[PDB]
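Participant: Quick one: the structure is below, and I'll ask about it shortly.
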Amino acid sequence: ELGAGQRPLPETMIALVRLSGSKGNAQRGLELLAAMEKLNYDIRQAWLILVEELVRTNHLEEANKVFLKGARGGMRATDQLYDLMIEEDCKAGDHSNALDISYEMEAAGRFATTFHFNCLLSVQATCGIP
Amino acid sequence: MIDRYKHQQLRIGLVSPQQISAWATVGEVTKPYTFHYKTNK
Amino acid sequence: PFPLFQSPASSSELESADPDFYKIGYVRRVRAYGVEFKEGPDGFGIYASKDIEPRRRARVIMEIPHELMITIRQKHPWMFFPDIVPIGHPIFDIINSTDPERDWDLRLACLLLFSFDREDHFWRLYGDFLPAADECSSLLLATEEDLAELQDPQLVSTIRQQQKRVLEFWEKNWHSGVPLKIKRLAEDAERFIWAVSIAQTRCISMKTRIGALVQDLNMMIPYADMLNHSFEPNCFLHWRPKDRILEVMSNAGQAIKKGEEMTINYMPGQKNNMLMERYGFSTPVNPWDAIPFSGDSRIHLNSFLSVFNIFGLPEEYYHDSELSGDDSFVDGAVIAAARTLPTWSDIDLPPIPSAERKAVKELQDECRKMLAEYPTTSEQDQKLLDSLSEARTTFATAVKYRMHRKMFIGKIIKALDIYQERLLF
Ligand SMILES: Nc1ncnc2c1ncn2[C@@H]1O[C@H](CSCC[C@H](N)C(=O)O)[C@@H](O)[C@H]1O
């Protein structure tokens, strides 16, 4: 499609990153997302799907890399994604990433309710320091 | 709103003789001396 | 190229407002930066006096002190800030004898009439710049002639329901036995209808922090209601709590050209029927207008979204300008089609163009029926308005509402047409 010389459709671009997320290829997924920004598209909506796919395929560590990098950019994730991403990290004992994600959510305009703090406490209660 | 947590514990307590030796690791002192009067050593 | 050689010396419907309009506010610590108030046959409006070069953050446009506003809590108890009602005044009993959730407009109307009676209140001066009973576009003032022409049984029933509620409230609280201080507020039933119309069409609910207290207030901010409505506003309302100043701020990083109108969104997302019920106006570019549709036929909205450069989640549907290049067709009207049209979508399942082509005409086969349901056409109504020269403004709005709805049906007919052929490429 690039060799022919026309701009790929966003649906094609969205399908590409979703396929990469299904196989957990983080490097391929981020490279395609960079192309969309270079193609001047809405990277945020595709960025949500890639993060969800990595969580769906249990590639949580790679999902943290993708989610945080988008989080530092300034784009705001959906409410479900914040709840999903934080809960998975706390279930996996990833409070370091969960707390960092929670801080990004606070800067994104959403405040941590009781649910988000409960996830964090599930890990802090096992650190041995009350 | 998540407070920027900063936990800094500052404990004090009696020190075991082993940890006293750990401070001097060998730092045994036996001569009750100081700078020499003439050589200033 | 010298200034002496250069000899510099449209929009006739808009004239500069009375200088006293800004002056009476300017003396009360009201500052408008880079904007000016213009008035016309439609009404007032704020238009930029110069090009607003975008900055890192939002730019201050207007400032309104708290003492110039009329504010009442949305939730019981009813406490008025910049307190104007004296303790023991009989007008509080009228206000306190209202529905806690349905009579928000009535409680503001009582304060609005009370403020006009007060000699020291600022709104007794600002009330002269409010539209009269005939000039106001609220449907609450419309009669059956305009309501019948509105051609909306649901909307007409709601409007006539409100008229009974407002009129009966005046009858109960403005009988012959009221004190003169209450009777003079509403000498006739008609004036109270106008008071409620102003309250409905100019209330601005907002969560404001006054001192240490945070609450929701049905506010009556002056000079800020004059901002017109647009679902893609160029400015928003921000409450500054330290000095009790309501700031009108243009969106950050957005340039405003000379003469461009400053607009805010009265409601986040609503249909034209809601706007007519509340504010008595409609917009053909509403991205929230719906239309009943059979669920048998549906299309792939992802293809529909992309062909018009619409991106984001349905809660944040928007169009990209530079990607489309010019695309004069796409507007906020077609965005509503992306929601109200029956659609289907899988993970990545591509659609069948022939099946959609089999359905696009079938979809458009239904679309011609609703236009046939209304006896008049979209161009017939607007042609009538140009020919019309003596009628109530609510009649024009009722014409506009059905015209906008008909165009909304007309817009999607063209939208499906261009979508169908563009699907091949
Ligand atoms: N975007 C818009 N399109 C058409 N009429 C609008 C509008 N925004 C506001 N109005 C008009 O203004 C009323 C709300 S109060 C806004 C003040 C008014 N524009 C004035 O000139 O004094 C509506 O009932 C409608 O009559």
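Residue numbers (the entry's author numbering), protein chains in the order written: chain F, 132 to 261; chain D, 1 to 25, 34 to 49; chain L, 55 to 63, 70 to 485.
Note that the Cβ used here is the ideal one computed from N, Cα and C, for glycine as well.
Measure the alpha-carbon distance for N294(L) versus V308(L) and round it to whole angstroms.
Facilitator: C-alpha separation (whole angstroms): 10 Å.
Participant: Does ligand 2 have a heavy atom nearer than 6 Å to the CB of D248(L)?
Facilitator: For ligand 2, the structure offers nothing, since it holds only ligand 1.
Participant: Taking 6 Å as the limit between beta carbons, can you name the residues of its chain near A272(L), skipping five residues before and five after?
Facilitator: So the list is empty, once near-sequence residues are dropped.
Participant: Between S233(F) and chain D, is any beta-carbon pair separated by less than 7 Å?
Facilitator: yes
Participant: Quick test of your reading: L207(L) and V216(L), contact by CB under 8 Å. State the CB separation rounded to the nearest angstrom.
Facilitator: 5 Å
Participant: Return the residues of the stretch 207-223 of chain F that lie within a Cβ-Cβ distance of less than 9 Å from chain L, sorted by chain order.
Facilitator: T209
Participant: With 16 as the cutoff for other CB atoms within 10 Å, does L133(F) come out buried or exposed?
Facilitator: Of the other Cβ atoms in all chains shown, fewer than 16 fall within 10 Å of the Cβ of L133(F); this residue is therefore exposed.
Participant: Does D225(F) have its Cβ less than 7 Å from a Cβ in chain L?
Facilitator: Not one beta carbon of chain L lies nearer than 7 Å to the beta carbon of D225(F).
Participant: Heavy atom of ligand 1 less than 6 Å from the Cβ of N288(L), yes or no?
Facilitator: yes
Participant: Give the list of continuous beta strand (DSSP E) stretches no shorter than 3 residues that lie fully inside the stretch 70-108 of chain L.
Facilitator: 95-99 and 106-108
Participant: Mind pulling the chain L residues with CB within less than 7 Å of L163(F)?
Facilitator: Near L163(F) there are no residues of chain L at all, since even the closest Cβ is about 14 Å away, more than 7 Å.
Participant: Who does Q275(L) pair with in a DSSP beta bridge?
Facilitator: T268(L)
Participant: Tell me whether the stretch 308-326 of chain L and the stretch 356-363 of chain L touch, counting them as touching only if at least three CB pairs, one residue from each stretch, are closer than 8 Å.
Facilitator: By the criterion of at least three beta-carbon pairs nearer than 8 Å, the stretch 308-326 of chain L is not in contact with the stretch 356-363 of chain L.
Participant: In chain D, which residues lie with their C-beta within 8 Å of the C-beta of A243(F)?
Facilitator: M1 and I2
Participant: Rank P79(L), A312(L) and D180(L) by C-alpha distance to the C-alpha of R116(L) and give the top, closest one.
Facilitator: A312(L)
Participant: One question on the structure: do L163(F) and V186(F) come within less than 7 Å of each other, judged by their Cβ atoms?
Facilitator: No, these two residues do not count as a Cβ contact at 7 Å.
Participant: Using only the alpha-carbon positions, how far apart do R417(L) and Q480(L) sit?
Facilitator: 6 Å
Participant: Do you know how far the Cα of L179(F) is from the Cα of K196(F)?
Facilitator: 13 Å
Participant: Mind checking whether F174(L) and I154(L) have CB atoms under 7 Å apart?
Facilitator: no
Participant: Whether or not the stretch 195-211 of chain F and the stretch 166-183 of chain F are in contact is what I'm after, with contact meaning three or more pairs of Cβ atoms, one per stretch, closer than 8 Å; do they touch?
Facilitator: yes
Participant: Does DSSP classify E204(L) as helix, strand or coil?
Facilitator: helix
Participant: So what does DSSP say about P139(F), is it helix, strand or coil?
Facilitator: coil
Participant: Mind checking which residues open and close the beta strand (DSSP E) that includes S310(L)?
Facilitator: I305 to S310
Participant: Rank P301(L), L297(L) and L409(L) by C-alpha distance to the C-alpha of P282(L) and give the top, closest one.
Facilitator: With respect to the C-alpha of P282(L), the residue from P301(L), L297(L) and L409(L) having the closest C-alpha is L297(L).
Participant: Confirm, please, whether the CB-CB distance from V345(L) to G385(L) is below 7 Å.
Facilitator: no
Participant: Under 7 Å, do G94(L) and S76(L) count as touching if we go by C-beta distance?
Facilitator: No, Cβ-Cβ distance for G94(L) and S76(L) is not below 7 Å.
Participant: Does the CB of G271(L) have a neighbour CB from chain F at under 7 Å?
Facilitator: Not a single C-beta of chain F is nearer than 7 Å to the C-beta of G271(L).
Participant: Smallest Cα separation from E209(L): which of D406(L), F455(L) and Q314(L)?
Facilitator: Per the C-alpha coordinates, the member of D406(L), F455(L) and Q314(L) positioned closest to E209(L) is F455(L).
Participant: Helix, strand or coil, according to DSSP, for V120(L) in the structure here?
Facilitator: strand
Participant: Check the Cβ-Cβ distances between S198(L) and every residue of chain F, and say whether any is below 7 Å.
Facilitator: no
Participant: Beta-carbon separation of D165(L) and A255(L) under 7 Å?
Facilitator: no
Participant: Hey, which unbroken runs of the alpha helix (DSSP H) at 4 residues or more fall wholly within the stretch 416-482 of chain L?
Facilitator: 438-447 and 453-482
Participant: Taking the straight line between their C-alpha atoms, what separation do you get for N171(F) and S157(L)?
Facilitator: 57 Å
Participant: List the residues of chain D whose Cβ lies closer than 9 Å to the Cβ of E237(F), in chain order.
Facilitator: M1 and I2
Participant: Chain F partners of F371(L), CB-CB under 8 Å?
Facilitator: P141, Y172, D173 and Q176
Participant: Does DSSP put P239(L) in a helix, in a strand, or in coil?
Facilitator: coil
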